[PDB]
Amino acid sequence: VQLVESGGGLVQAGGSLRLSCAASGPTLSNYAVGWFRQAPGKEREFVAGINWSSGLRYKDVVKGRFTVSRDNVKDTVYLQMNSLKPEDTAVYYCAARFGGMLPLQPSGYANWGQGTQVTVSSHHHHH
């Protein structure tokens, strides 16, 4: 019912970060967990998710870069974010809905983490 996210931060373009979502009392195993993100001045948008039985859903622009997975022993959902880009900068939220569906809009999810800042800088080393 309350999800704790961990693992945000600042990373350079092309780098990687991993988000994790864990739940307190209810076992997360029964939940589709969707990751949403809100960039400055835009709405929350669905990013990626895993339903209660390992089905996956992705936004088109994160396919081939993001992977959602689930450790059902640790009752945790992970977002592995590779090949990160400046336009991925946002507050990321996990949200949980009972069952097998991953609806695209925030209103489909009852339980929300508090949000983790992910920032991707155009920084690259001097040549």
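Numbers follow the displayed sequence, beginning with 1.
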query: 95 to 103 set against 69 to 77, stretch whose average Cα temperature factor tops the other in the entry; finding: 69 to 77
query: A39 - which third its CA temperature factor falls in, relative to the rest of the chain; finding: highest
query: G55 CA temperature factor, ranked by third within the chain; finding: lowest
query: Third of the chain's Cα B-factor distribution that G64 belongs to, per the entry; finding: middle
